[PDB]
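Text of start36.cif (mmCIF, C-alpha atoms and all ligand atoms) as supplied:
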```
data_query
#
loop_
_atom_site.label_atom_id
_atom_site.label_comp_id
_atom_site.auth_asym_id
_atom_site.auth_seq_id
_atom_site.Cartn_x
_atom_site.Cartn_y
_atom_site.Cartn_z
CA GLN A 1 87.61 113.43 106.32
CA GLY A 2 84.03 113.78 105.00
CA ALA A 3 84.59 113.25 101.24
CA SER A 4 82.63 114.18 98.03
CA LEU A 5 81.67 111.49 95.39
CA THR A 6 84.68 112.32 93.06
CA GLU A 7 86.90 111.96 96.21
CA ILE A 8 85.20 108.59 96.94
CA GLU A 9 86.13 107.23 93.43
CA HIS A 10 89.77 108.44 94.03
CA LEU A 11 89.56 106.41 97.30
CA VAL A 12 88.29 103.26 95.40
CA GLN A 13 91.20 103.41 92.94
CA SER A 14 93.69 104.18 95.71
CA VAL A 15 92.58 101.10 97.87
CA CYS A 16 92.62 98.94 94.74
CA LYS A 17 96.15 100.20 93.91
CA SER A 18 97.42 99.54 97.51
CA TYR A 19 95.92 96.06 97.31
CA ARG A 20 97.62 95.23 93.93
CA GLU A 21 100.99 96.39 95.32
CA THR A 22 100.63 94.21 98.49
CA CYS A 23 98.50 91.19 97.29
CA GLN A 24 101.60 88.92 97.90
CA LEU A 25 100.79 86.38 95.08
CA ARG A 26 99.16 87.36 91.77
CA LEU A 27 95.62 85.88 91.29
CA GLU A 28 96.58 84.78 87.70
CA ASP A 29 99.62 82.92 89.22
CA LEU A 30 97.50 81.20 91.95
CA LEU A 31 94.83 80.14 89.38
CA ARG A 32 97.51 78.68 87.00
CA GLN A 33 98.99 76.57 89.87
CA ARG A 34 95.62 74.86 90.61
CA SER A 35 96.79 71.83 88.53
CA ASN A 36 99.88 71.53 90.82
CA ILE A 37 98.41 69.28 93.60
CA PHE A 38 100.49 67.50 96.37
CA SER A 39 100.96 63.74 95.68
CA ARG A 40 99.81 61.10 98.27
CA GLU A 41 103.53 60.64 99.19
CA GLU A 42 104.03 64.46 99.63
CA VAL A 43 100.93 64.57 101.92
CA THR A 44 102.30 61.63 104.04
CA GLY A 45 105.58 63.59 104.34
CA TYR A 46 103.72 66.58 105.86
CA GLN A 47 101.65 64.32 108.18
CA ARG A 48 104.77 62.54 109.52
CA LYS A 49 106.27 65.92 110.62
CA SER A 50 106.04 66.94 114.28
CA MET A 51 103.31 69.45 115.24
CA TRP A 52 106.34 71.65 116.24
CA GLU A 53 107.79 71.56 112.70
CA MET A 54 104.32 72.16 111.19
CA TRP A 55 103.58 75.09 113.55
CA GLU A 56 106.99 76.66 112.69
CA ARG A 57 106.14 76.38 108.92
CA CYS A 58 102.54 77.73 109.36
CA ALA A 59 103.77 80.53 111.67
CA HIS A 60 106.41 81.47 109.04
CA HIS A 61 103.78 81.72 106.24
CA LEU A 62 101.22 83.58 108.40
CA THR A 63 103.93 86.09 109.50
CA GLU A 64 104.85 86.75 105.82
CA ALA A 65 101.10 87.11 105.02
CA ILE A 66 100.50 89.55 107.99
CA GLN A 67 103.44 91.70 106.79
CA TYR A 68 101.66 92.19 103.38
CA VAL A 69 98.38 93.08 105.24
CA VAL A 70 100.39 95.62 107.38
CA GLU A 71 101.88 97.17 104.19
CA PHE A 72 98.29 97.32 102.77
CA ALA A 73 96.99 99.31 105.78
CA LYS A 74 100.04 101.62 105.63
CA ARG A 75 99.18 102.49 101.99
CA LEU A 76 95.48 103.16 102.90
CA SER A 77 94.49 106.85 102.86
CA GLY A 78 94.37 108.30 106.36
CA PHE A 79 95.79 105.18 108.10
CA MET A 80 99.26 106.71 108.53
CA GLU A 81 97.64 109.97 109.78
CA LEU A 82 95.99 108.04 112.73
CA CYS A 83 97.96 107.88 116.04
CA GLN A 84 100.38 104.93 116.62
CA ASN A 85 98.05 103.28 119.23
CA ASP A 86 95.09 103.26 116.77
CA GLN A 87 97.30 101.89 113.96
CA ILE A 88 98.40 99.03 116.35
CA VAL A 89 94.82 98.42 117.69
CA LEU A 90 93.37 98.23 114.15
CA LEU A 91 96.12 95.89 112.86
CA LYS A 92 96.22 93.70 116.04
CA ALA A 93 92.44 93.08 115.87
CA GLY A 94 92.11 92.76 112.06
CA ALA A 95 95.32 91.54 110.32
CA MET A 96 94.55 87.80 110.82
CA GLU A 97 90.92 88.42 109.75
CA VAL A 98 92.26 90.03 106.49
CA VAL A 99 94.73 87.06 105.90
CA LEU A 100 91.75 84.64 106.22
CA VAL A 101 89.68 86.67 103.69
CA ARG A 102 92.71 87.01 101.33
CA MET A 103 93.27 83.21 101.63
CA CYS A 104 89.97 82.57 99.69
CA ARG A 105 92.07 83.43 96.55
CA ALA A 106 94.46 80.48 97.25
CA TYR A 107 91.46 78.17 97.73
CA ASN A 108 90.08 75.82 95.00
CA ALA A 109 86.43 74.70 95.66
CA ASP A 110 86.48 71.91 92.97
CA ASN A 111 88.84 69.70 95.00
CA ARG A 112 88.70 71.64 98.39
CA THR A 113 92.46 72.41 98.26
CA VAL A 114 94.58 75.34 99.48
CA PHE A 115 97.94 76.67 98.16
CA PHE A 116 100.62 75.87 100.72
CA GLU A 117 104.38 75.76 100.11
CA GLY A 118 104.19 75.63 96.30
CA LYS A 119 101.31 73.18 95.68
CA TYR A 120 97.57 72.65 96.47
CA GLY A 121 96.53 70.32 99.31
CA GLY A 122 93.46 69.35 101.31
CA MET A 123 93.04 69.75 105.10
CA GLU A 124 94.71 66.31 105.67
CA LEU A 125 98.02 68.10 104.94
CA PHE A 126 97.64 69.72 108.44
CA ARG A 127 96.89 66.46 110.37
CA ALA A 128 100.07 66.77 112.58
CA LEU A 129 98.90 70.12 114.11
CA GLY A 130 96.16 68.20 115.92
CA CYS A 131 93.41 70.79 115.36
CA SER A 132 90.93 69.32 112.83
CA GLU A 133 87.97 71.59 113.88
CA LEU A 134 90.08 74.72 113.42
CA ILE A 135 91.49 73.63 109.99
CA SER A 136 87.95 72.51 109.01
CA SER A 137 86.50 75.97 109.96
CA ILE A 138 89.15 77.75 107.79
CA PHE A 139 88.45 75.55 104.72
CA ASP A 140 84.64 76.02 105.41
CA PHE A 141 84.91 79.84 105.47
CA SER A 142 87.15 79.83 102.34
CA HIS A 143 84.67 77.58 100.53
CA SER A 144 81.73 79.93 101.40
CA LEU A 145 83.77 83.02 100.30
CA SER A 146 84.86 81.18 97.05
CA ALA A 147 81.16 80.76 96.09
CA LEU A 148 80.74 84.57 96.02
CA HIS A 149 83.33 84.77 93.15
CA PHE A 150 84.95 87.69 94.94
CA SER A 151 86.88 89.98 92.56
CA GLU A 152 90.29 91.54 93.36
CA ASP A 153 88.65 94.98 93.83
CA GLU A 154 85.80 93.52 95.99
CA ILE A 155 88.53 91.89 98.28
CA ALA A 156 90.57 95.13 98.44
CA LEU A 157 87.51 97.16 99.49
CA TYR A 158 86.05 94.60 101.88
CA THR A 159 89.44 93.98 103.64
CA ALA A 160 89.96 97.80 103.97
CA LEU A 161 86.64 97.67 105.96
CA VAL A 162 87.67 94.62 108.04
CA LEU A 163 90.69 96.72 109.18
CA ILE A 164 89.11 100.19 109.39
CA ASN A 165 86.47 99.52 112.00
CA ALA A 166 85.74 102.09 114.77
CA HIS A 167 84.15 99.46 117.05
CA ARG A 168 87.56 97.98 118.04
CA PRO A 169 88.22 98.41 121.79
CA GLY A 170 91.22 100.56 122.73
CA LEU A 171 90.78 103.28 120.06
CA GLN A 172 91.92 106.72 121.36
CA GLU A 173 90.83 108.73 118.25
CA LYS A 174 87.48 106.84 117.61
CA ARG A 175 86.04 109.78 115.57
CA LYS A 176 89.05 109.79 113.09
CA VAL A 177 88.51 106.03 112.47
CA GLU A 178 84.69 106.50 112.01
CA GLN A 179 85.25 109.15 109.30
CA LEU A 180 87.69 106.79 107.51
CA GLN A 181 85.24 103.88 107.87
CA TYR A 182 82.22 105.91 106.50
CA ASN A 183 84.19 106.94 103.44
CA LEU A 184 85.30 103.35 102.79
CA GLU A 185 81.75 101.96 103.25
CA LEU A 186 80.40 104.39 100.65
CA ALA A 187 83.42 103.66 98.35
CA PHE A 188 82.58 99.93 98.70
CA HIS A 189 78.78 100.39 98.05
CA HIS A 190 79.46 102.84 95.19
CA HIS A 191 81.91 100.38 93.48
CA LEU A 192 79.35 97.53 93.85
CA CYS A 193 76.80 99.74 92.05
CA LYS A 194 79.23 100.64 89.18
CA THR A 195 80.04 96.90 88.59
CA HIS A 196 76.36 95.70 89.16
CA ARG A 197 77.50 93.57 92.16
CA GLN A 198 75.03 94.94 94.81
CA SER A 199 73.91 91.26 95.23
CA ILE A 200 77.06 90.27 97.13
CA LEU A 201 76.35 92.47 100.24
CA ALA A 202 73.61 90.13 101.56
CA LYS A 203 75.86 87.12 100.66
CA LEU A 204 78.94 88.32 102.64
CA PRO A 205 79.86 86.62 105.99
CA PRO A 206 77.74 88.16 108.77
CA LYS A 207 78.60 90.29 111.85
CA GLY A 208 80.89 88.26 114.14
CA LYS A 209 81.64 85.29 111.79
CA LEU A 210 85.21 86.58 111.05
CA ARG A 211 85.61 87.52 114.77
CA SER A 212 84.50 84.00 116.04
CA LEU A 213 87.12 82.35 113.72
CA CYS A 214 89.69 84.80 115.28
CA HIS A 215 94.25 89.09 118.05
CA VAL A 216 98.00 89.47 117.20
CA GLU A 217 100.43 90.48 120.06
CA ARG A 218 100.94 94.34 120.30
CA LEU A 219 104.76 93.91 119.83
CA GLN A 220 104.46 91.64 116.75
CA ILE A 221 102.17 94.35 115.16
CA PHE A 222 104.57 97.26 115.95
CA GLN A 223 107.35 94.96 114.55
CA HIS A 224 105.55 94.69 111.18
CA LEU A 225 104.70 98.45 111.28
CA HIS A 226 108.19 99.85 112.04
CA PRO A 227 110.80 97.18 111.10
CA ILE A 228 113.52 99.96 111.20
CA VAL A 229 113.51 103.23 113.30
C1 LIG A 301 97.13 85.42 101.88
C2 LIG A 301 97.49 86.16 100.61
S1 LIG A 301 97.74 85.18 99.13
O1 LIG A 301 98.70 85.90 98.32
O2 LIG A 301 96.43 84.79 98.66
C3 LIG A 301 98.63 83.70 99.61
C4 LIG A 301 97.93 82.53 99.82
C5 LIG A 301 98.60 81.39 100.17
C6 LIG A 301 99.97 81.41 100.32
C7 LIG A 301 100.68 80.16 100.75
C8 LIG A 301 100.44 80.00 102.23
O3 LIG A 301 100.99 80.72 103.05
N1 LIG A 301 99.51 79.04 102.51
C9 LIG A 301 99.08 78.78 103.80
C10 LIG A 301 97.96 78.05 104.10
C11 LIG A 301 97.72 77.91 105.49
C12 LIG A 301 96.56 77.25 106.04
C13 LIG A 301 95.47 77.12 105.20
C14 LIG A 301 94.32 76.51 105.66
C15 LIG A 301 94.31 76.04 106.96
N2 LIG A 301 95.34 76.15 107.80
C16 LIG A 301 96.45 76.76 107.34
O4 LIG A 301 97.54 76.92 108.21
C17 LIG A 301 97.23 76.46 109.52
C18 LIG A 301 96.65 77.51 110.42
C19 LIG A 301 96.69 77.29 111.78
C20 LIG A 301 96.17 78.22 112.66
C21 LIG A 301 95.59 79.37 112.15
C22 LIG A 301 95.05 80.36 113.08
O5 LIG A 301 95.65 81.37 113.42
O6 LIG A 301 93.81 79.94 113.47
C23 LIG A 301 92.84 80.91 113.09
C24 LIG A 301 95.53 79.61 110.80
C25 LIG A 301 96.07 78.67 109.93
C26 LIG A 301 98.70 78.56 106.22
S2 LIG A 301 99.90 79.30 105.23
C27 LIG A 301 100.67 82.58 100.13
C28 LIG A 301 100.00 83.73 99.75
#
```

When written as structure tokens, how does the structure in this file appear?
Ligand SMILES: CCS(=O)(=O)c1ccc(CC(=O)Nc2cc(-c3cccnc3OCc3ccc(C(=O)OC)cc3)cs2)cc1
Amino acid sequence: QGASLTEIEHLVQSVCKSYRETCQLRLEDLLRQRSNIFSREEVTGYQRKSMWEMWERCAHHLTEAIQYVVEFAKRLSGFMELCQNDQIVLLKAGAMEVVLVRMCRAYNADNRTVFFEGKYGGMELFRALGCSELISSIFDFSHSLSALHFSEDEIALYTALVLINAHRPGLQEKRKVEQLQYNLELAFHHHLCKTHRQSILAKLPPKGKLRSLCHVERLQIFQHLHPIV
């Protein structure tokens, strides 16, 4: 806590490692499946489903996704050293925000499609849910984040910062989180300088944009954290 520049580069590689081990689906794999688009008949099949079936499916995939985000935070340096309440507060407030950012990888801007259950489909795939403005907002955010051409390492380092934020209410050890955050900010800025990507900082979604689009229940976060005691 309060790291030197050599320590900061160990922290960049570390976060990038943790991300690669918990990225769920390989970027190469997602990119290669872009040609696999749902047929008009497959779309109709999803639209005919009850909102209850669709929610169950969506909830299953989001749960799976959140689990990979939880494993990502657990592998972050200093996260496991924080108290249990801070670990829960940080994950409860940020896990869905991280899933949304990570989802930009499964998004194809050419045809405005998202990878869902094995193929790519537009927002009409979610018609049954009855929440057009919400689905629209998610595709909008993904489309804006796609335009940035966000690298795997840029995502790893930015999502570490979405999670490790000392401004979350309910933090008991606020100063421990701040130290972690300051080291990750510098690790992010330093990596952007090494890769000549300083330009993306002004292009990133602003303060509150990720928060307005989005909190997980305290028990469902502890569940992902400690699945066996
Ligand atoms: C992530 C890491 S990855 O490895 O890139 C990877 C990427 C994809 C997959 C496949 C997959 O799961 N696709 C999925 C897509 C969607 C989805 C997409 C767009 C709009 N809506 C969607 O769902 C509806 C919905 C309803 C309420 C909320 C909410 O809470 O409102 C804020 C959020 C979403 C859900 S699941 C696996 C791994």

Could the residues that lie within 8 Å of ligand LIG 301 (chain A), counting only C-alpha atoms and all ligand atoms, be listed as an MDAnalysis selection string?
chainID A and resid 23:27 30 55 57:62 64:65 68 96 99:106 114:118 123 126 129 134:136 138:139 213:214

When you count all atoms listed in the file, which of these residues is closest to residue 131 in chain A: A:93, A:210, A:51, A:66?
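Nearest to residue 131 in chain A: A:51.
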
Pick out the closest residue to residue 120 in chain A from this set: A:176, A:211, A:226, A:34. Count only C-alpha atoms.
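Distance minimum relative to residue 120 in chain A lands on A:34.
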
Residue nearest residue 46 in chain A among A:128, A:153, A:140, A:67 (counting all atoms listed in the file):
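Of all the options, A:128 lies closest to residue 46 in chain A.
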
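Residues lying at most 12 Å from (100.6, 58.7, 106.0) in file coordinates, with all atoms listed in the file considered, are residues 39, 40, 41, 42, 43, 44, 45, 46, 47, 48, 49, 124, 125, 126, 127 and 128 of chain A.
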